[PDB]
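In: here's my sequence, what's the structure:
(3 chains)
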Amino acid sequence: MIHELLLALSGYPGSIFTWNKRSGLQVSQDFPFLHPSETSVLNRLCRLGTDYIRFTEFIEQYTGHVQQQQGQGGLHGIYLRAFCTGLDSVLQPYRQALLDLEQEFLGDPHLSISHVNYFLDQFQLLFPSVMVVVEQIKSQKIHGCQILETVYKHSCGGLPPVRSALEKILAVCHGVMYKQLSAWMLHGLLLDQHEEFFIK
Amino acid sequence: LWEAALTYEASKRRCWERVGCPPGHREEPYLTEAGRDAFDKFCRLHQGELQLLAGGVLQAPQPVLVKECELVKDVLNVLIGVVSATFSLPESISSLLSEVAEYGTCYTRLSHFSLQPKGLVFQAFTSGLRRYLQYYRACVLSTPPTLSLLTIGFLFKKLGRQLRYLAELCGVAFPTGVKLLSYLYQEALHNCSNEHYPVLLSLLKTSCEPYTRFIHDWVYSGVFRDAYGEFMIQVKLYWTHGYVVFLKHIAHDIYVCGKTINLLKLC
Amino acid sequence: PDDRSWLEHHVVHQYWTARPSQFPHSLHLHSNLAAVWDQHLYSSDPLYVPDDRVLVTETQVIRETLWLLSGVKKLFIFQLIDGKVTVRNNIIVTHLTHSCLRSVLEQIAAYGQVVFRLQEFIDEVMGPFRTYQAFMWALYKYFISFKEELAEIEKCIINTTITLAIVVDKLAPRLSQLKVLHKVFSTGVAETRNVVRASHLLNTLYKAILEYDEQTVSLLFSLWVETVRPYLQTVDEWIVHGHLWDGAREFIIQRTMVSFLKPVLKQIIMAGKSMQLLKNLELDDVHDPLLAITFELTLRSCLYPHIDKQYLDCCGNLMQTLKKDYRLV
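Out: Numbers count the residues shown, from 1 in each chain, chains lettered A, B, ... in the order given. See below for the structure:
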């Protein structure tokens, strides 16, 4: 209940909270040791975990496609190997917060579900705003250095948590770009990654 | 005192239902109140609501089991490779278990692929994989020494995916000899920076040790060394040294320095 | 039976299904008021039907009122019938025959309407205007500390239970500020262009500080600084990047107004232009250290040296490079 929900919020699609492609993490089983107003509370909470599942799916799905089978296809490039590396890093503090909830329920197990939703109201500010960036990356064919562009358009943001998350993702993408610029300035090497980093 | 005193004690709440001269009786408990003891009642009830729509035979295993700690110890045994009582080699426990079983099942697929240490560079690659095995066995049962259930899943989520990439790298035909060593070479160019990049770099750093030992042969003793055909230069006009990883620019220098050492041995 | 018998006999389900109350009884006054209240109903005419409904005890209503005031909505009581929450009166509470209780829960639901409006403005982004966003952020920073108190109070019901009057009198220094927030939000949704749609809220916020110039005006100040973050950021962009930030002209300068930056406004325009006319040949992070260490009287006159020194440096450098190597005199 207060570990089962925390399992569904993490990188598992549950079965109590049913994963669907039309409506993720539905509570439909109306437990007679839940209060009926917690159903709406779970409907508030489950969008966050749905986003966490989608980000987890995005890291699991895409890694140079699989193992290197120009550079169009779906969503790859050395920069989105970096983007999944950054996406795992932005999902780490959510794991830390669920660990803090688990230790809190060692302290007091009589707290209701609304306390859990209230504790994870801080991550309902970060995750919906960074969801739209990944949706724009998925819908449009933006997978090259313009992914650094479409992160940088949204990383200049208005909330300190979403600024930090997009900072992490943009940082690892610049890390790849500066290593290939080191091959540009020390070895004279171009197309380190074939047509994907400011080179014909 | 304690339970008897609490059971007796008149409440500071007096209800708006009834007023005047109460004997007083406590709170009416809530339904989300104490959320870890009534799973059993409803796992039967959800089963009943499912059976009504399913005709009468669908069922759902695990209405409970077992504890927190025993479940933790079995899940920790899954990642080593020992399957639980629900495998052979509430309802969403299976929703946890499917993602921790899969990370388990590939780990055996490295140890079974490291059961023996062919090609000498192939043995070097196997011994390089053995180092990640020795790291991973030290990672587990130091940080989770039977803690609660979700610490197990959280700690090996960032770590299990890195292991699942190494499952994709291995075969468990499979390239061997120089065909392995180029295949591990090109991979390092394919992955410049990822969380899997230091593991590939650590494999590649120890995968070129026998190749450097073969390179060391022609210069210092003029020796053509083959045991499986695991060196790039393989097999006349005066010398029988072989002639058709490094570039060919260094390989031709190796081919002529073997002939030079063959001349200087008689000098 | 067995499991369901335990569920019905130790907890509710006579509150979401029409069943008799399992909250324990005896006879006479508080025990079972049913006989004497039935006699009072019969003597004064119970019309033609004795007053009887599903019946619920007080504590369920207490935690529902704290859930409604806390921020979450759509409960069993305080149903939303047409857009505004109101009490469900098809539930009997036997003493007062839920008529005085209707008035007290109607006042509490009237406060819950304000809570619904703020959470509705919250919900229209999560699940851009860039000034509404900075507004709903400081609104969030209020609500996290706000419903912390209600969670702490709701814990004390479980640990004996505490009456409704204590917990509604406990939340008075928050509801007194909630009336101020109600008057704040009214012009933030009342509204053509995106610049007047922000000016209408921001000038009201600038005016409401003078209304209380206790604990309300400090909340208004901390809310007020965090809604002019895009304007200070945009002014600093106009200084050091040489370009006004564009948002389909969210900004005031075409390239009426608020009076937050009007007495220093000539020191702003003549700054930003003087950067680009220099190129034709941070600042918010200084203001926030002042917020770290009487408001809109003396502190407002300390904002203007921050832009004034940078303005003086820019215009003096531009005048200096025009008075040498071209030498206007």
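
In: distance of residue C:233 from residue C:318?
Out: 23 Å (C-beta to C-beta, to the nearest Å). No exception for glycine: its C-beta is placed from N, CA and C like everyone else's.

In: ok, now which ones touch residue B:224?
Out: Residues counted as contacts of residue B:224 (C-beta atoms under 8 Å, 6 or more residues apart in numbering or on different chains) are B:217-218, B:233, B:235, B:241-242, B:258.

In: does whichever strand or helix holds residue A:125 come close to chain B?
Out: Taking DSSP states H and E as the definition, residue A:125 sits inside helix A:123-139. No. On the criterion C-beta under 8 Å from any C-beta of the partner chain, helix A:123-139 is out of touch with chain B, staying 14.8 Å away.

In: same for that helix, what does it pack against?
Out: helix A:38-61, helix A:78-107, helix A:146-152, helix A:160-186 (3 or more C-beta pairs under 8 Å, 6 or more residues apart in numbering or on different chains; DSSP states H and E).

In: buried sites along that helix?
Out: Within helix A:123-139, the residues that qualify as buried are A:123-131, A:133-134, A:137, counting by 16 or more other C-beta atoms under 10 Å in any protein chain shown.

In: residues from chain A in reach of chain C?
Out: So chain A meets chain C at A:32-33, A:36-37, A:40-41, A:44, A:47, A:108, A:110-112, A:114-115, A:117-118, A:121-122, A:124-125, A:128-129, A:158-159 (C-beta under 8 Å from any C-beta).

In: which of these count as buried?
Out: By 16+ other C-beta under 10 Å, the residues of chain A next to chain C give A:32-33, A:37, A:41, A:44, A:47, A:110-112, A:114-115, A:117-118, A:121, A:124-125, A:128-129, A:158-159 as buried.

In: report the longest helix in chain C, please.
Out: helix C:132-158 (DSSP state H).

In: by contact count, what packs against it?
Out: By 3+ C-beta pairs under 8 Å, 6+ apart, helix C:132-158 packs against helix A:113-119, helix C:58-70, helix C:100-123, helix C:164-170, helix C:172-186, helix C:216-225.

In: for chain C, what lies in contact range of chain B?
Out: So chain C meets chain B at C:3-4, C:6-7, C:10-12, C:23-24, C:26, C:29-33, C:55, C:57-63, C:93-96, C:101, C:157-158, C:160-164, C:166 (C-beta under 8 Å from any C-beta).

In: how about the nearest residue to residue B:108, chain neighbours excluded?
Out: Distances taken as C-beta to C-beta, 6 or more residues apart in numbering or on different chains place residue B:81 nearest to residue B:108, at 4.3 Å, with adjacent residues excluded.

In: gap between the one you found and chain A?
Out: 21 Å (C-beta to the nearest C-beta, to the nearest Å).

In: next one: residue C:189
Out: According to C-beta to the nearest C-beta, residue C:189 stands 19 Å off from chain A.

In: so who does the residue lying closest to that residue once chain neighbours are set aside touch?
Out: Take residue C:189 and drop its neighbours on the chain: the residue closest to it by C-beta to C-beta, 6+ apart is residue C:121, 7.0 Å away. Taking C-beta under 8 Å, 6+ apart, we find residue C:121 in contact with C:132, C:136, C:139, C:185, C:188-189.

In: wait, isn't residue A:126 in contact with residue A:159?
Out: Yes. With contact defined as C-beta atoms under 8 Å, residue A:126 counts as touching residue A:159 (7.4 Å).

In: now the residue nearest the centre of chain B: which helix or strand?
Out: Nearest to the mean C-alpha position of chain B, by C-alpha atoms, centre = their mean, lies residue B:163 at 3.6 Å. For residue B:163, the host element (DSSP H and E) is helix B:157-169.

In: just list what that helix packs against, helices and strands only.
Out: helix A:78-107, helix B:93-111, helix B:120-139, helix B:197-207.

In: residue B:85: which of those is closest?
Out: helix B:93-111 (11.7 Å; C-beta to C-beta).

In: now do that closest one: distance to the chain's middle.
Out: Here the centre of helix B:93-111 is set off from its chain's centre by 8 Å, with C-alpha atoms, centre = their mean, to the nearest Å.

In: please save the CA atoms from it in PDB.
Out: C-alpha atoms of helix B:93-111 as PDB (Å, rounded to 0.1, in the frame of the first residue of the first chain):
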ATOM      1  CA  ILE B  93       4.900  -8.700  -6.200                       C
ATOM      2  CA  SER B  94       5.200 -10.400  -9.600                       C
ATOM      3  CA  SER B  95       5.300  -6.900 -11.000                       C
ATOM      4  CA  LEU B  96       8.500  -6.300  -9.100                       C
ATOM      5  CA  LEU B  97       9.900  -9.700  -9.700                       C
ATOM      6  CA  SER B  98       9.800  -9.700 -13.500                       C
ATOM      7  CA  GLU B  99      12.300  -6.900 -13.600                       C
ATOM      8  CA  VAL B 100      14.700  -8.300 -11.000                       C
ATOM      9  CA  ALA B 101      14.500 -11.800 -12.500                       C
ATOM     10  CA  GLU B 102      15.600 -10.600 -15.900                       C
ATOM     11  CA  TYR B 103      18.700  -8.800 -14.600                       C
ATOM     12  CA  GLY B 104      19.400 -12.100 -12.700                       C
ATOM     13  CA  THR B 105      19.000 -14.300 -15.800                       C
ATOM     14  CA  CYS B 106      21.700 -12.500 -17.800                       C
ATOM     15  CA  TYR B 107      24.200 -12.500 -14.900                       C
ATOM     16  CA  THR B 108      24.300 -16.300 -15.100                       C
ATOM     17  CA  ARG B 109      24.700 -15.800 -18.900                       C
ATOM     18  CA  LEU B 110      28.000 -14.100 -18.100                       C
ATOM     19  CA  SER B 111      29.200 -16.600 -15.500                       C
END
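
In: pull out the buried residues from the helix holding residue B:163.
Out: B:157, B:159-167, B:169.

In: so can I have TSV of those showing distance to residue A:65?
Out: Converted to TSV, these look like this (distance: C-beta to C-beta, whole Å):
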residue	distance to residue A:65
B:157	22
B:159	23
B:160	20
B:161	16
B:162	18
B:163	19
B:164	15
B:165	13
B:166	17
B:167	16
B:169	14
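
In: closest one of those to residue B:50?
Out: residue B:157 (30.1 Å).

In: in this structure the closest one contacts residue A:12, no?
Out: No. If you go by C-beta under 8 Å, residue B:157 and residue A:12 don't touch, sitting 9.7 Å apart.

In: so how far is chain A from residue B:42?
Out: Applying C-beta to the nearest C-beta to residue B:42 and chain A gives a distance of 5 Å.

In: who in the stretch 151-267 of chain B is up against chain A?
Out: Checking the stretch 151-267 of chain B against chain A by C-beta under 8 Å from any C-beta, the hits are B:151, B:153-154, B:157-158, B:161, B:165, B:168-169, B:186-187, B:189-196.

In: apply 10 Å and report the result again.
Out: Neighbours of chain A within the stretch 151-267 of chain B, by C-beta under 10 Å from any C-beta of the partner chain: B:151, B:153-155, B:157-158, B:160-162, B:164-165, B:168-169, B:186-187, B:189-197.

In: ranges for the helices of chain B?
Out: B:3-8, B:39-54, B:69-80, B:93-111, B:120-139, B:149-155, B:157-169, B:178-190, B:197-207, B:209-220, B:248-265.
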